[PDB]
């Protein structure tokens, strides 16, 4: 259908075990294009701001701790049906419920340590992308 952009995060687990390349390759093989990317070590404030909607939930602290335990790679992916297609390759949030051959199935150890993040929707994608990237930071493909 229409060209969408979605946020990817390779989480501290997948980075520490050096799966950045393999994961990126999954994106690109499925036809998604990386139009922005950067490695970051999120501060407590960064993670808390990003996951702000879950501020009152029981798992908030766990989530913040895991996402600040080490450097991540934050990326913007562009393509047809990007949000859902990205979601398909990632697999279920729960790696034990994730289908074989997906990123979570292949690289995730647990719920907390589930390798990668992807935006849940187009609406969530715009906010998440805007959280990590200035609009002039997202590089159109020339060439």
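Numbering follows the first chain given and starts at 1.
The stretch 56-64 shows the higher mean C-alpha B-factor when 30-38 is compared against 56-64 in the entry.
When the two stretches 83-91 and 70-78 are set side by side, the higher mean Cα temperature factor goes to 83-91. When the C-alpha B-factors of 134, 23, 9, 122 are read from the PDB record, the largest value belongs to 122. For residue 118, the recorded CA B-factor ranks within the lowest third of the chain. Only modelled residues enter the ranking.
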